[PDB]
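First, one chain by itself: the form solved without this ligand, in structure tokens.
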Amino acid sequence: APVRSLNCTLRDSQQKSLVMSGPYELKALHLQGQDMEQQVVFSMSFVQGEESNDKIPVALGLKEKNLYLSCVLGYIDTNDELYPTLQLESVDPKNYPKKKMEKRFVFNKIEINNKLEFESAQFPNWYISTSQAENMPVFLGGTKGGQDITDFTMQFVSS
């Protein structure tokens, strides 16, 4: 393209790591030592979308997996109308990433020090979220304050 990118892991504000849960899902849990190898490496690209002084548009791919997080209307857990849902979408490595990511792939990275939130650019007020419980899916949530975990820290891996 080229697109500006870095590789990183993410941990939620409770220190849970993100790992694969089947081929098309992530889950969060507190990890230990060598098992840390299980945490998922993201490739965070900076996309040409709507930048605020503190709303930096990004896409999140899963390094080496040809998968991207995307926000698409569907049905939600519940714990006719459609709601934003988090999907792990496989893509043609030939064309991704790109500065012009389709809207479903774009998150606004919000830096509330020293924490990051990732808001769906397509569906405002919906965030990459984890449950307080161990081993539950990563999902789009956080629409009501103080209910879900929507804060993360980033661990730089490489560029």
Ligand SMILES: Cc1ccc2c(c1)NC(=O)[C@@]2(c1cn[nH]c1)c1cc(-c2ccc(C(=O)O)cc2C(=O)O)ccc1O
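Only residues modelled in both forms are compared. Residue numbers run from 1 along the displayed sequence. Definition used throughout: the rigid core is the maximal C-alpha set that superposes within 1.5 Å between two forms.
Beyond what is shown, the protein has a form deposited with this ligand bound; the following relates to that form.
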> Is the binding site on this chain open or blocked for this ligand after its pose in the entry with it bound is superimposed by the nearby C-alphas, counting blocked as 3 or more ligand atoms within 2.4 Å of backbone or C-beta?
Replying inline: blocked
> Using 4.5 Å between non-hydrogen atoms, is residue 92 touching this ligand in the entry with it bound?
Replying inline: no
> Any chance residue 49 has a heavy atom within 4.5 Å of this ligand in the entry with it bound?
Replying inline: no
> Any of the heavy atoms of residue 103 lying within 4.5 Å of this ligand in the entry with it bound?
Replying inline: yes
>> in the entry with it bound, is there a heavy atom of this ligand that lies within 4.5 Å of any heavy atom of residue 108, even though the partner is absent here?
In response: yes
> Which residue, 132, 38, 125, 52, is displaced 2 Å or more at the Cα between the shown form and the other one after superposing the core?
Replying inline: 52
> Is the C-alpha displacement of residue 143 equal to or greater than 2 Å between the shown form and the other one once the rigid core has been superposed?
Replying inline: yes
> Versus the form shown, are the CA atoms of residue 49 and residue 104 closer or farther apart in the entry with it bound, given a shift of 3 angstroms or more?
Replying inline: farther
> in the entry with it bound, do the Cα atoms of residue 151 and residue 144 sit closer or farther apart than here, given a shift of 3 Å or more?
Replying inline: closer
>> Where exactly does the backbone move between the shown form and the other one? Looking for runs of 3+ consecutive residues, each with a CA shift of 2 angstroms or more after core alignment.
In response: 1-3, 47-53, 142-145
